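Colleague: Residue numbers (full-length UniProt numbering): 9 to 85. No residue lacks a Cβ here, since even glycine has one placed at the ideal position from N, Cα and C. Encoded as structure tokens, here's the structure I'll be asking about.
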Amino acid sequence: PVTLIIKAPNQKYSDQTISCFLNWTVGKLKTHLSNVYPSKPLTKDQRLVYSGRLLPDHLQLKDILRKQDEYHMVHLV
């Protein structure tokens, strides 16, 4: 799968390498994070910020994460 590196807001937790598919949207992945992340953060408040920009839950990961494909560091907010 794709190495989707979920780093915490203040880097409270380290770089989390989530082996997941770009098939899903930011919403389905963020639900998946709220399950597989040991803090289990509020899906309603939490969003994914990729290298400065905001990833909305309606679009598929692939569209933004196509460029490198291999690995992507996203900051949780």
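#1: Any chance the stretch 49-65 sits against the stretch 21-31, with 3 or more Cβ pairs inside 8 angstroms?
#2: Can the beta-carbon of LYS48 be found less than 7 angstroms from the beta-carbon of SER42?
#3: Could you spell out the range, first to last residue, of the beta strand (DSSP E) harbouring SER59?
#4: Per DSSP, which one or two residues make a beta bridge with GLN68?
#5: Under DSSP, the beta strand (DSSP E) around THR11 begins and ends at which residues?
#6: Give the DSSP-derived three-state secondary structure of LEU73 in the structure shown.
#7: Counting only the same chain and skipping the five closest in sequence on each side, list residues whose C-beta sits under 6 angstroms from that of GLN24.
Modeller: Checking against the coordinates, here is how it stands:
#1: Because the criterion of three Cβ pairs below 8 angstroms is not met, the stretch 49-65 and the stretch 21-31 do not touch.
#2: Going by C-beta atoms, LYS48 is nearer than 7 angstroms to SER42.
#3: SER59 -> no beta strand (DSSP E), and no H or E assigned at all.
#4: Answer is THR33.
#5: Note, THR11: beta strand (DSSP E), 10-15.
#6: In the structure shown, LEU73 sits in a helix (DSSP, three-state: H, G or I).
#7: Around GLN24: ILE14.
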